[PDB]
$ cat upload07.txt   # compact mmCIF, C-alpha atoms (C1' of nucleotides)
# COMPACT_ATOMS: atom_id res chain seq x y z
CA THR A 1 -79.89 36.73 42.06
CA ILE A 2 -77.85 36.94 38.85
CA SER A 3 -76.91 33.64 37.16
CA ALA A 4 -77.65 31.80 40.43
CA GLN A 5 -75.41 33.66 42.89
CA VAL A 6 -72.14 34.23 41.07
CA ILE A 7 -71.39 37.52 42.86
CA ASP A 8 -71.31 35.77 46.25
CA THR A 9 -68.75 33.32 44.83
CA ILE A 10 -66.47 35.55 42.73
CA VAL A 11 -65.42 37.58 45.78
CA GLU A 12 -64.75 34.40 47.77
CA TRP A 13 -62.67 32.94 44.93
CA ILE A 14 -60.66 36.16 44.62
CA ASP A 15 -60.06 36.27 48.38
CA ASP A 16 -59.11 32.59 48.73
CA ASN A 17 -57.16 32.08 45.50
CA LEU A 18 -53.37 32.19 45.30
CA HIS A 19 -51.24 34.43 43.06
CA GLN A 20 -52.46 32.44 40.06
CA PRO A 21 -53.65 34.83 37.32
CA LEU A 22 -57.35 35.04 36.46
CA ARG A 23 -58.36 34.51 32.83
CA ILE A 24 -61.39 33.18 30.95
CA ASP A 25 -60.30 29.53 30.98
CA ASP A 26 -58.90 29.70 34.53
CA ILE A 27 -61.93 31.32 36.17
CA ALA A 28 -64.91 29.87 34.25
CA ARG A 29 -64.22 26.20 35.13
CA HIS A 30 -64.93 25.72 38.85
CA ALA A 31 -66.52 29.13 39.14
CA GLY A 32 -70.03 27.85 38.47
CA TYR A 33 -70.22 30.20 35.49
CA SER A 34 -69.73 30.45 31.72
CA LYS A 35 -67.93 33.19 29.79
CA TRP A 36 -71.37 34.78 29.64
CA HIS A 37 -71.88 34.10 33.32
CA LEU A 38 -69.08 36.62 33.92
CA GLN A 39 -69.48 39.03 30.99
CA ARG A 40 -72.88 40.28 32.17
CA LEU A 41 -71.50 40.77 35.68
CA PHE A 42 -68.39 42.63 34.49
CA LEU A 43 -70.61 44.82 32.30
CA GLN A 44 -73.29 45.65 34.89
CA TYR A 45 -71.89 45.46 38.43
CA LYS A 46 -68.33 46.57 37.58
CA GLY A 47 -68.24 48.13 34.11
CA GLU A 48 -64.50 47.59 33.72
CA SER A 49 -62.19 45.20 31.90
CA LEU A 50 -60.65 42.27 33.77
CA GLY A 51 -57.03 43.19 33.07
CA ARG A 52 -57.51 46.57 34.74
CA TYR A 53 -59.62 45.43 37.70
CA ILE A 54 -57.23 42.59 38.57
CA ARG A 55 -54.26 44.96 38.36
CA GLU A 56 -56.03 47.49 40.59
CA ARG A 57 -56.84 44.76 43.12
CA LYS A 58 -53.22 43.60 43.12
CA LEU A 59 -52.00 47.18 43.62
CA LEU A 60 -54.43 47.75 46.50
CA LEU A 61 -53.25 44.48 48.07
CA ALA A 62 -49.56 45.34 47.65
CA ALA A 63 -50.05 48.87 49.03
CA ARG A 64 -49.98 47.31 52.52
CA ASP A 65 -47.12 44.88 51.87
CA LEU A 66 -45.00 47.81 50.68
CA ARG A 67 -45.65 49.51 54.03
CA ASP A 68 -44.95 46.27 55.96
CA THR A 69 -41.19 47.07 55.62
CA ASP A 70 -40.19 44.11 53.45
CA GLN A 71 -36.72 43.98 51.92
CA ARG A 72 -37.51 41.40 49.20
CA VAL A 73 -39.08 43.80 46.73
CA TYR A 74 -38.76 41.30 43.87
CA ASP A 75 -41.04 38.81 45.66
CA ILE A 76 -43.77 41.34 46.53
CA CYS A 77 -45.20 41.40 43.00
CA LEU A 78 -44.73 37.63 42.67
CA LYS A 79 -46.64 36.72 45.84
CA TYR A 80 -49.66 38.72 44.60
CA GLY A 81 -49.95 37.69 40.95
CA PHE A 82 -47.42 39.61 38.84
CA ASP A 83 -45.26 36.86 37.34
CA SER A 84 -42.62 39.39 36.22
CA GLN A 85 -41.10 42.50 37.77
CA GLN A 86 -41.31 44.55 34.56
CA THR A 87 -45.08 44.05 34.23
CA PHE A 88 -45.70 45.21 37.81
CA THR A 89 -43.33 48.14 37.25
CA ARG A 90 -45.20 49.24 34.12
CA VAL A 91 -48.58 48.83 35.83
CA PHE A 92 -47.48 50.91 38.82
CA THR A 93 -45.97 53.58 36.56
CA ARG A 94 -49.16 53.82 34.50
CA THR A 95 -51.41 53.85 37.59
CA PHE A 96 -49.66 55.98 40.23
CA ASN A 97 -46.95 57.63 38.06
CA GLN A 98 -44.41 57.09 40.85
CA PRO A 99 -41.28 54.92 41.14
CA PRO A 100 -41.59 51.74 43.24
CA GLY A 101 -38.99 52.92 45.76
CA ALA A 102 -40.67 56.31 46.16
CA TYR A 103 -43.84 54.57 47.36
CA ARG A 104 -42.00 51.85 49.29
CA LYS A 105 -40.12 54.39 51.42
CA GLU A 106 -43.44 55.90 52.50
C1' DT B 1 -99.13 19.58 23.59
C1' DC B 2 -96.79 22.81 20.25
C1' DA B 3 -94.73 27.51 20.26
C1' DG B 4 -92.93 32.82 21.36
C1' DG B 5 -89.55 34.31 24.45
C1' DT B 6 -86.02 35.47 27.76
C1' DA B 7 -81.82 33.32 30.07
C1' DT B 8 -77.39 31.30 28.86
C1' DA B 9 -73.26 30.08 25.65
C1' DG B 10 -70.17 29.99 21.30
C1' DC B 11 -68.44 32.87 17.60
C1' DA B 12 -65.80 37.43 14.38
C1' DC B 13 -62.70 41.21 15.30
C1' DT B 14 -58.95 45.53 16.37
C1' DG B 15 -56.24 47.06 20.05
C1' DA B 16 -54.58 47.35 24.33
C1' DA B 17 -51.50 43.98 28.05
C1' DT B 18 -47.56 40.83 28.78
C1' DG B 19 -42.15 38.67 27.40
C1' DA B 20 -37.48 38.98 26.33
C1' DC B 21 -33.02 41.57 25.87
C1' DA B 22 -30.09 45.24 27.01
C1' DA B 23 -28.23 49.48 29.76
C1' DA B 24 -27.68 52.62 33.88
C1' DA B 25 -27.42 52.95 39.11
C1' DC B 26 -26.74 51.59 44.12
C1' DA B 27 -25.03 48.51 47.88
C1' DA B 28 -21.82 44.57 49.50
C1' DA B 29 -17.09 42.84 49.31
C1' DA B 30 -12.11 42.38 48.37
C1' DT B 31 -7.84 44.99 47.39
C1' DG B 32 -4.72 48.79 48.00
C1' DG B 33 -2.93 53.54 50.23
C1' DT B 34 -1.78 55.77 54.67
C1' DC B 35 -1.10 57.07 59.91
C1' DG B 36 0.54 56.02 64.51
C1' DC B 37 2.06 52.39 67.79
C1' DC B 38 4.89 47.83 68.91
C1' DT B 39 8.99 46.19 68.77
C1' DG B 40 14.22 44.54 67.71
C1' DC B 41 18.88 46.23 68.48
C1' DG B 42 22.79 49.03 70.50
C1' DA B 43 24.93 51.89 74.37
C1' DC B 44 25.55 54.08 79.47
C1' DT B 45 33.21 54.01 81.64
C1' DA B 46 34.22 55.51 90.05
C1' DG B 47 34.72 50.27 92.34
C1' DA B 48 32.20 46.15 92.62
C1' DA B 49 35.99 39.05 91.56
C1' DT B 50 33.33 31.15 94.40
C1' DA B 51 29.12 33.21 98.75
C1' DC B 52 24.73 32.98 97.17
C1' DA B 53 21.71 29.20 96.22
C1' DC B 54 20.02 27.78 101.10
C1' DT B 55 18.11 22.30 103.65
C1' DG B 56 13.21 19.69 105.80
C1' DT B 57 12.66 13.97 103.19
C1' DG B 58 12.60 13.16 108.70
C1' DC B 59 15.32 6.99 110.37
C1' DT B 60 8.13 3.04 107.12
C1' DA B 61 8.50 -2.27 105.16
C1' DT B 62 10.94 -4.93 103.35
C1' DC B 63 12.97 -6.83 98.37
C1' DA B 64 16.13 -7.45 94.90
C1' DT B 65 21.03 -5.80 91.82
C1' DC B 66 25.48 -4.09 91.11
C1' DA B 67 31.18 -3.36 92.62
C1' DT B 68 34.78 -3.50 96.82
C1' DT B 69 36.54 -6.66 101.29
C1' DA B 70 38.26 -10.74 103.18
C1' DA B 71 40.00 -15.19 102.54
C1' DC B 72 39.97 -20.47 100.56
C1' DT B 73 42.81 -22.38 97.07

$ encode --input "upload07.txt" --output "structure tokens"
Amino acid sequence: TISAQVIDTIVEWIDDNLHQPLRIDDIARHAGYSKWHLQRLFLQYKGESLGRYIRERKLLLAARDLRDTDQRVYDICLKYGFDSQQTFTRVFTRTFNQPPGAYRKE
DNA sequence: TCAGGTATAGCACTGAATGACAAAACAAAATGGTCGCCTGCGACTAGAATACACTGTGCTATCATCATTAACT
């Protein structure tokens, strides 16, 4: 029990939320937690910044949609959180060091 | 009942993340070049001369409109 069961709610919010980005103001409101409700969790249970963890989660979620043989490549990053194509391209290039088409063909 | 404390939240700050503009590359589409077929036109010089189309609805049941026939005037 950390801050009255915030771990059991963060995962549910991440799984049920839409492609809306997750920031301090967005998440803290109806999350049941303060900025400090989440800082201690991100420091202890995860030990990683939010901008990197959210990007990794989006990449792991899109790894299946890229294999689902979808022709609308521009909408894949949009349906999962990336509001722009260039941001998703840079994130994928810095993470996997591979072009988007090279991983989409696989 | 007043107080030390741990749990929870706001605050100060560099530097990484996230926008906007421009250029290079690939696929879809319209335009143009080229090959083989379809087609329009002309010619083939023994003699061949109105006879081959062919008909067949069948004559019901009346009814009304137009020029030739015969004859009164």

$ interface_residues --input "upload07.txt" --of "chain B" --to "chain A" --cutoff "9 Å" --atoms "all atoms listed in the file" --output "PDB file with C-alpha atoms (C1' of nucleotides), in the coordinates of the input"
ATOM      1  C1'  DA B   7     -81.820  33.320  30.070  1.00  0.00           C
ATOM      2  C1'  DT B   8     -77.390  31.300  28.860  1.00  0.00           C
ATOM      3  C1'  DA B   9     -73.260  30.080  25.650  1.00  0.00           C
ATOM      4  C1'  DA B  17     -51.500  43.980  28.050  1.00  0.00           C
ATOM      5  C1'  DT B  18     -47.560  40.830  28.780  1.00  0.00           C
ATOM      6  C1'  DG B  19     -42.150  38.670  27.400  1.00  0.00           C
TER       7       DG B  19
END

$ atom_distance --input "upload07.txt" --atom1 "CA of residue 67 (chain A)" --atom2 "CA of residue 106 (chain A)"
6.9 Å

$ atom_distance --input "upload07.txt" --atom1 "CA of residue 88 (chain A)" --atom2 "CA of residue 60 (chain A)"
12.6 Å

$ atom_distance --input "upload07.txt" --atom1 "CA of residue 19 (chain A)" --atom2 "CA of residue 59 (chain A)"
12.8 Å

$ closest_residue --input "upload07.txt" --among "A:9, A:56, A:102, A:62" --to "residue 27 (chain A)" --atoms "all atoms listed in the file"
A:9

$ decode --input "upload07.txt" --residues "region 19-55 of chain B" --atoms "N, CA, C and O atoms (P, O5', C5', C4', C3', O3' and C1' of nucleotides)" --output "short mmCIF file (atom, residue, chain, number, x, y, z; two decimals), in the first residue's frame"
data_model
loop_
_atom_site.label_atom_id
_atom_site.label_comp_id
_atom_site.auth_asym_id
_atom_site.auth_seq_id
_atom_site.Cartn_x
_atom_site.Cartn_y
_atom_site.Cartn_z
P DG B 19 4.10 18.24 -29.82
"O5'" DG B 19 4.15 19.62 -30.62
"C5'" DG B 19 5.39 20.10 -31.12
"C4'" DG B 19 5.24 21.47 -31.74
"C3'" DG B 19 4.51 21.50 -33.07
"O3'" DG B 19 4.00 22.81 -33.32
"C1'" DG B 19 6.81 21.88 -33.44
P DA B 20 3.17 23.12 -34.67
"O5'" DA B 20 4.27 23.67 -35.69
"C5'" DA B 20 4.85 24.96 -35.48
"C4'" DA B 20 5.84 25.30 -36.58
"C3'" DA B 20 5.32 25.14 -38.01
"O3'" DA B 20 5.69 26.27 -38.79
"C1'" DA B 20 7.33 23.94 -37.74
P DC B 21 5.15 26.44 -40.30
"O5'" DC B 21 6.43 26.15 -41.20
"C5'" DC B 21 7.57 27.00 -41.10
"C4'" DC B 21 8.72 26.46 -41.94
"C3'" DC B 21 8.39 26.19 -43.41
"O3'" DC B 21 9.30 26.88 -44.25
"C1'" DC B 21 9.51 24.33 -42.42
P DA B 22 9.07 26.91 -45.84
"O5'" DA B 22 10.11 25.83 -46.40
"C5'" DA B 22 11.51 26.00 -46.17
"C4'" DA B 22 12.27 24.72 -46.44
"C3'" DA B 22 12.10 24.15 -47.86
"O3'" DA B 22 13.37 24.09 -48.51
"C1'" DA B 22 11.88 22.45 -46.20
P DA B 23 13.45 23.79 -50.09
"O5'" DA B 23 13.97 22.28 -50.16
"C5'" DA B 23 15.24 21.94 -49.63
"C4'" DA B 23 15.45 20.44 -49.64
"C3'" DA B 23 15.29 19.76 -51.01
"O3'" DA B 23 16.39 18.89 -51.25
"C1'" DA B 23 13.97 18.66 -49.39
P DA B 24 16.66 18.32 -52.73
"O5'" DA B 24 16.43 16.74 -52.58
"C5'" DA B 24 17.30 15.98 -51.74
"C4'" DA B 24 16.73 14.59 -51.50
"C3'" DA B 24 16.43 13.78 -52.77
"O3'" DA B 24 16.91 12.45 -52.62
"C1'" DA B 24 14.50 13.89 -51.41
P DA B 25 16.88 11.43 -53.87
"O5'" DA B 25 15.61 10.50 -53.59
"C5'" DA B 25 15.59 9.67 -52.43
"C4'" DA B 25 14.29 8.89 -52.35
"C3'" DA B 25 13.88 8.16 -53.63
"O3'" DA B 25 13.54 6.81 -53.33
"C1'" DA B 25 12.09 9.44 -52.82
P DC B 26 13.38 5.72 -54.51
"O5'" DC B 26 11.83 5.31 -54.43
"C5'" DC B 26 11.33 4.68 -53.25
"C4'" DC B 26 9.81 4.63 -53.28
"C3'" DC B 26 9.20 3.96 -54.51
"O3'" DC B 26 8.12 3.11 -54.12
"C1'" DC B 26 8.30 6.12 -54.25
P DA B 27 7.57 1.99 -55.13
"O5'" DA B 27 6.05 2.42 -55.39
"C5'" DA B 27 5.10 2.32 -54.33
"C4'" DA B 27 3.84 3.12 -54.64
"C3'" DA B 27 3.08 2.67 -55.89
"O3'" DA B 27 1.67 2.72 -55.64
"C1'" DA B 27 3.63 4.95 -56.08
P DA B 28 0.64 1.98 -56.63
"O5'" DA B 28 -0.26 3.17 -57.19
"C5'" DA B 28 -1.10 3.91 -56.31
"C4'" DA B 28 -1.73 5.10 -57.01
"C3'" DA B 28 -2.45 4.77 -58.32
"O3'" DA B 28 -3.66 5.50 -58.41
"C1'" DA B 28 -0.78 6.39 -58.71
P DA B 29 -4.68 5.24 -59.62
"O5'" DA B 29 -4.39 6.44 -60.64
"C5'" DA B 29 -4.55 7.78 -60.21
"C4'" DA B 29 -4.21 8.76 -61.33
"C3'" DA B 29 -4.78 8.40 -62.70
"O3'" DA B 29 -5.30 9.56 -63.33
"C1'" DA B 29 -2.46 8.71 -62.86
P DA B 30 -6.36 9.44 -64.53
"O5'" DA B 30 -5.74 10.37 -65.68
"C5'" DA B 30 -5.51 11.75 -65.42
"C4'" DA B 30 -4.45 12.30 -66.36
"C3'" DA B 30 -4.75 12.15 -67.85
"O3'" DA B 30 -4.37 13.34 -68.54
"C1'" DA B 30 -2.68 11.12 -67.35
P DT B 31 -4.83 13.58 -70.06
"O5'" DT B 31 -3.47 13.51 -70.88
"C5'" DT B 31 -2.38 14.36 -70.53
"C4'" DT B 31 -1.13 13.97 -71.29
"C3'" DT B 31 -1.33 13.68 -72.78
"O3'" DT B 31 -0.34 14.35 -73.55
"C1'" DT B 31 -0.21 11.88 -71.75
P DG B 32 -0.51 14.49 -75.14
"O5'" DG B 32 0.68 13.59 -75.73
"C5'" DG B 32 2.03 13.90 -75.40
"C4'" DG B 32 2.94 12.72 -75.70
"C3'" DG B 32 2.86 12.18 -77.13
"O3'" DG B 32 4.17 11.94 -77.63
"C1'" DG B 32 2.53 10.43 -75.60
P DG B 33 4.43 11.81 -79.21
"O5'" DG B 33 5.12 10.37 -79.36
"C5'" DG B 33 6.39 10.12 -78.76
"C4'" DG B 33 6.77 8.66 -78.87
"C3'" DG B 33 6.62 8.06 -80.27
"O3'" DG B 33 7.74 7.23 -80.57
"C1'" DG B 33 5.33 6.81 -78.72
P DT B 34 7.92 6.63 -82.05
"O5'" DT B 34 7.31 5.16 -81.94
"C5'" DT B 34 7.87 4.23 -81.02
"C4'" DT B 34 7.16 2.89 -81.09
"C3'" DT B 34 6.84 2.39 -82.51
"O3'" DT B 34 7.17 1.01 -82.61
"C1'" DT B 34 4.89 2.37 -81.20
P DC B 35 7.40 0.34 -84.05
"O5'" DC B 35 6.50 -0.98 -84.00
"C5'" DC B 35 6.68 -1.93 -82.95
"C4'" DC B 35 5.54 -2.93 -82.91
"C3'" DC B 35 5.10 -3.47 -84.27
"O3'" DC B 35 4.78 -4.85 -84.17
"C1'" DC B 35 3.27 -2.42 -83.21
P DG B 36 4.82 -5.79 -85.47
"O5'" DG B 36 3.31 -6.30 -85.62
"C5'" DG B 36 2.72 -7.06 -84.57
"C4'" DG B 36 1.20 -7.00 -84.65
"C3'" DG B 36 0.61 -7.49 -85.97
"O3'" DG B 36 -0.57 -8.25 -85.73
"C1'" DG B 36 -0.10 -5.28 -85.54
P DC B 37 -1.21 -9.15 -86.89
"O5'" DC B 37 -2.74 -8.67 -86.94
"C5'" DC B 37 -3.56 -8.82 -85.80
"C4'" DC B 37 -4.76 -7.89 -85.85
"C3'" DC B 37 -5.69 -8.09 -87.05
"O3'" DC B 37 -7.04 -8.01 -86.60
"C1'" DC B 37 -4.98 -5.85 -86.97
P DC B 38 -8.25 -8.58 -87.50
"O5'" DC B 38 -9.38 -7.47 -87.33
"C5'" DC B 38 -9.01 -6.14 -86.97
"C4'" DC B 38 -10.15 -5.18 -87.19
"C3'" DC B 38 -11.09 -5.56 -88.31
"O3'" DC B 38 -12.33 -4.87 -88.15
"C1'" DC B 38 -9.65 -3.80 -89.02
P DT B 39 -13.47 -4.99 -89.28
"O5'" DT B 39 -13.18 -3.77 -90.26
"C5'" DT B 39 -13.10 -2.44 -89.74
"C4'" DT B 39 -12.74 -1.46 -90.83
"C3'" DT B 39 -13.53 -1.61 -92.13
"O3'" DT B 39 -13.89 -0.33 -92.63
"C1'" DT B 39 -11.23 -1.75 -92.59
P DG B 40 -15.32 -0.10 -93.32
"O5'" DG B 40 -15.00 0.84 -94.57
"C5'" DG B 40 -14.47 2.15 -94.37
"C4'" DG B 40 -13.79 2.67 -95.63
"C3'" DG B 40 -14.56 2.42 -96.92
"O3'" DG B 40 -14.47 3.56 -97.76
"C1'" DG B 40 -12.43 1.40 -97.05
P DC B 41 -15.41 3.69 -99.06
"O5'" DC B 41 -14.45 3.31 -100.27
"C5'" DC B 41 -13.26 4.06 -100.48
"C4'" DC B 41 -12.39 3.40 -101.54
"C3'" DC B 41 -13.13 2.95 -102.80
"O3'" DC B 41 -12.57 3.59 -103.95
"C1'" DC B 41 -11.67 1.26 -102.00
P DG B 42 -13.34 3.54 -105.36
"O5'" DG B 42 -12.47 2.52 -106.23
"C5'" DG B 42 -11.10 2.82 -106.51
"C4'" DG B 42 -10.40 1.62 -107.13
"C3'" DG B 42 -11.14 0.99 -108.32
"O3'" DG B 42 -10.25 0.82 -109.42
"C1'" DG B 42 -10.56 -0.66 -106.73
P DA B 43 -10.82 0.47 -110.88
"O5'" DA B 43 -10.45 -1.07 -111.08
"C5'" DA B 43 -9.09 -1.47 -111.11
"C4'" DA B 43 -8.96 -2.98 -111.17
"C3'" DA B 43 -9.80 -3.66 -112.26
"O3'" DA B 43 -9.00 -4.61 -112.96
"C1'" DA B 43 -10.24 -4.65 -110.16
P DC B 44 -9.49 -5.19 -114.37
"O5'" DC B 44 -9.75 -6.74 -114.08
"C5'" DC B 44 -8.67 -7.58 -113.68
"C4'" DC B 44 -9.15 -8.99 -113.40
"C3'" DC B 44 -10.15 -9.54 -114.43
"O3'" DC B 44 -9.79 -10.87 -114.80
"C1'" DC B 44 -11.02 -9.77 -112.25
P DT B 45 -9.71 -11.29 -116.35
"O5'" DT B 45 -11.23 -11.67 -116.73
"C5'" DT B 45 -12.13 -10.65 -117.14
"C4'" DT B 45 -12.85 -11.06 -118.41
"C3'" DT B 45 -11.95 -11.59 -119.51
"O3'" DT B 45 -12.70 -12.40 -120.40
"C1'" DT B 45 -12.68 -9.38 -120.04
P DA B 46 -12.60 -14.00 -120.32
"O5'" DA B 46 -13.64 -14.52 -121.42
"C5'" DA B 46 -13.36 -14.33 -122.80
"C4'" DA B 46 -14.42 -15.00 -123.66
"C3'" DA B 46 -15.85 -14.48 -123.45
"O3'" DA B 46 -16.51 -14.36 -124.70
"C1'" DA B 46 -15.78 -16.81 -123.07
P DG B 47 -17.54 -13.15 -124.96
"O5'" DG B 47 -18.97 -13.80 -124.69
"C5'" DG B 47 -19.49 -14.78 -125.59
"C4'" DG B 47 -20.82 -15.32 -125.09
"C3'" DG B 47 -21.76 -14.27 -124.49
"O3'" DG B 47 -23.07 -14.43 -125.02
"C1'" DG B 47 -21.47 -16.07 -122.99
P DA B 48 -24.22 -13.36 -124.68
"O5'" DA B 48 -24.88 -13.91 -123.34
"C5'" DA B 48 -25.42 -15.23 -123.31
"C4'" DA B 48 -25.88 -15.60 -121.91
"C3'" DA B 48 -26.81 -14.58 -121.24
"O3'" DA B 48 -27.92 -15.25 -120.65
"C1'" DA B 48 -24.98 -15.04 -119.83
P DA B 49 -29.37 -15.18 -121.34
"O5'" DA B 49 -29.76 -13.63 -121.26
"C5'" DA B 49 -30.89 -13.15 -121.97
"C4'" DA B 49 -31.42 -11.88 -121.34
"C3'" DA B 49 -32.55 -11.19 -122.11
"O3'" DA B 49 -33.53 -10.70 -121.21
"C1'" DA B 49 -30.75 -9.69 -121.84
P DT B 50 -34.97 -10.23 -121.76
"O5'" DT B 50 -35.98 -10.65 -120.59
"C5'" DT B 50 -35.64 -10.40 -119.23
"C4'" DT B 50 -36.89 -10.39 -118.37
"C3'" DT B 50 -38.05 -11.20 -118.92
"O3'" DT B 50 -37.97 -12.55 -118.48
"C1'" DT B 50 -38.80 -9.03 -118.33
P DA B 51 -37.88 -13.75 -119.54
"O5'" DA B 51 -37.51 -15.02 -118.65
"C5'" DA B 51 -36.37 -14.99 -117.80
"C4'" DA B 51 -36.79 -15.05 -116.34
"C3'" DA B 51 -37.30 -16.41 -115.86
"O3'" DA B 51 -36.93 -16.62 -114.51
"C1'" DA B 51 -39.01 -14.81 -115.62
P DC B 52 -36.74 -18.11 -113.94
"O5'" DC B 52 -36.81 -17.93 -112.35
"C5'" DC B 52 -35.76 -17.25 -111.67
"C4'" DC B 52 -36.31 -16.11 -110.83
"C3'" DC B 52 -37.36 -16.51 -109.80
"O3'" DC B 52 -36.72 -16.91 -108.59
"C1'" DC B 52 -38.12 -14.62 -111.04
P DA B 53 -37.60 -17.25 -107.28
"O5'" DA B 53 -37.81 -15.82 -106.58
"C5'" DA B 53 -38.92 -15.61 -105.73
"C4'" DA B 53 -39.33 -14.14 -105.74
"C3'" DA B 53 -40.64 -13.84 -105.03
"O3'" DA B 53 -40.39 -13.56 -103.66
"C1'" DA B 53 -40.67 -12.87 -107.20
P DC B 54 -41.31 -14.21 -102.52
"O5'" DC B 54 -41.65 -15.67 -103.10
"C5'" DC B 54 -42.98 -16.16 -103.06
"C4'" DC B 54 -43.76 -15.71 -104.29
"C3'" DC B 54 -45.24 -16.05 -104.26
"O3'" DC B 54 -45.96 -15.00 -103.64
"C1'" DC B 54 -44.28 -16.73 -106.34
P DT B 55 -46.34 -15.08 -102.08
"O5'" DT B 55 -47.93 -15.04 -102.07
"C5'" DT B 55 -48.63 -13.99 -102.73
"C4'" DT B 55 -49.90 -14.50 -103.37
"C3'" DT B 55 -50.91 -15.13 -102.41
"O3'" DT B 55 -52.23 -14.84 -102.83
"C1'" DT B 55 -50.16 -16.76 -103.96
#
